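Shown next, in C-alpha cells, is the structure this report addresses.
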Amino acid sequence: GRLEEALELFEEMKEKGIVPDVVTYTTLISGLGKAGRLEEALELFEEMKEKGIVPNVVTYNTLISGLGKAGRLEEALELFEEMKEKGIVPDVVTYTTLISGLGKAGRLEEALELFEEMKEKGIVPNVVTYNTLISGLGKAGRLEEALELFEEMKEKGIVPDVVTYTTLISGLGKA
Ligand SMILES: [Ca+2]
C-alpha cells in the first residue's frame, strides 16, 4: 500500500534507463486500482501500450473491475472488446464484473447476452453470475426466465444461496 514510494521507484528506474516490464506495470496498475486511483491506473495502461509492453488478463481484469465499480460501463466494455481483439482471453472474473455492472445499470438484456457468450467460450458461470441475472430478471417481472436460470444452475451443480431463493420466492409471491 506504499504506493507513492512504489511510483518513485518506477520513475527512478526509467530515468536510469532500466526498462520496466509487464510485472512492473501490472503491480502498479493493480495497486493504483485497489487504492481507487483509477485514472492514474488507466494512464499507466496507455503508456505501457505505447512502449510495446503487452498487457495481459490480469491488467485487463483490474481496469475493467475498477471501471465497473465506478459505473463507467461504456469504457469497461471498450476494454473488454479490446482484450479480445488482442487474443487475451477473458475469464470468469471479467464476465462476472461486466454482467454485474450491466445488471446494476439495469442493462439486463445486454447482461444476458454476455452470459450466453461466456458459455459459448466455455467460461463457467458461478453463483454470483446466476444471482445477478436471476435478481435482475425477477425485479423485471420475467419470472419464467428466472426459473429457467434457477433450474440451469442446479443442473450444473452451482449451488444456489439464500439471496437466490429470496429473490425467486419474492417474485413468485407477488406475481
Ligand atoms: Ca478500441
Side-chain angles (χ1 to χ4, degrees), residues 22 26-27 29-39 41-42 45 49 54-175:
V22 27
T26 300
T27 293
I29 282 163
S30 175
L32 283 167
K34 302 183 192 315
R37 296 161 65 181
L38 193 56
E39 205 69 21
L42 291 168
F45 181 59
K49 281 183 292 176
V54 195
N56 58 28
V57 49
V58 163
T59 318
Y60 282 102
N61 283 342
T62 312
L63 298 164
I64 292 169
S65 166
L67 284 162
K69 195 93 59 267
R72 299 173 62 182
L73 259 305
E74 293 312 298
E75 194 159 357
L77 286 167
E78 282 178 3
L79 251 50
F80 181 62
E81 291 293 308
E82 182 180 296
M83 75 185 290
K84 294 193 287 171
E85 282 158 11
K86 292 176 171 221
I88 298 169
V89 184
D91 65 20
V92 48
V93 190
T94 325
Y95 280 100
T96 275
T97 299
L98 295 163
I99 284 146
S100 287
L102 288 159
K104 216 266 201 179
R107 301 173 59 181
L108 179 62
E109 200 65 17
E110 293 168 86
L112 287 169
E113 300 186 30
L114 273 189
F115 180 61
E116 297 179 337
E117 163 180 335
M118 109 195 251
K119 294 188 286 176
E120 282 302 340
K121 289 169 184 286
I123 312 314
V124 185
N126 55 28
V127 41
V128 151
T129 313
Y130 279 102
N131 278 1
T132 296
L133 296 171
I134 288 178
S135 162
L137 284 169
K139 238 268 308 151
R142 306 174 54 188
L143 250 197
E144 295 313 306
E145 201 163 350
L147 292 174
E148 287 171 8
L149 257 17
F150 180 60
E151 212 261 298
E152 183 177 300
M153 81 186 285
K154 276 145 55 186
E155 298 194 19
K156 296 183 170 328
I158 308 284
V159 44
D161 57 22
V162 42
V163 21
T164 321
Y165 281 100
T166 270
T167 310
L168 289 167
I169 290 181
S170 169
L172 287 165
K174 40 188 145 301

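Numbers here are sequence positions counted from 1. Just so it is clear, the values below take in all heavy atoms, side chains as well, and ignore hydrogens, waters and symmetry mates.
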Which heavy atom of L143 sits nearest a heavy atom of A175, and at what distance? CD1-CB, 4.2 Å

Taking all non-hydrogen atoms of both residues into account, name the closest pair between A146 and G138 and its distance. CB-N, 4.5 Å

Verify side chain to side chain contact (heavy atoms under 4.5 Å, CB included) between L112 and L149, making sure each step is shown before the conclusion. CA-CA 11 Å; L112 287 169; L149 257 17; 4.3 Å; yes

Give every residue pair that meets the ring-ring contact (aromatic ring centres under 6.0 Å, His included) criterion with at least one member in residues 68-98, sequence neighbours excluded. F80-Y95

Who passes side chain to side chain donor-acceptor pair (under 3.5 Å) against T26, sequence neighbours left out? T59

Separation between CD (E81) and NZ (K86), nearest 0.5 Å, reads 14.0 Å

Any chance you could measure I134, atom CD1, to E148, atom CD, to the nearest 0.5 Å? 11.0 Å

Could you work out, with side-chain contact (heavy atoms from CB on, under 4.5 Å) as the rule, every residue matching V57, not counting sequence neighbours? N61, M83, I88, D91

Which residue pairs pass the salt bridge (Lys or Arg N to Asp or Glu O under 4.0 Å) test with at least one member in residues 127-144, sequence neighbours excluded? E109-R142, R142-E145

Taking side chain to side chain donor-acceptor pair (under 3.5 Å) as the definition, give me every residue that meets it alongside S170, ordered by chain and number, with sequence neighbours left out. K174

Partner set under side-chain contact (heavy atoms from CB on, under 4.5 Å) for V89, not counting sequence neighbours: none

Partners passing side chain to side chain donor-acceptor pair (under 3.5 Å) against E82 (at least two apart in sequence or in another chain): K49, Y60

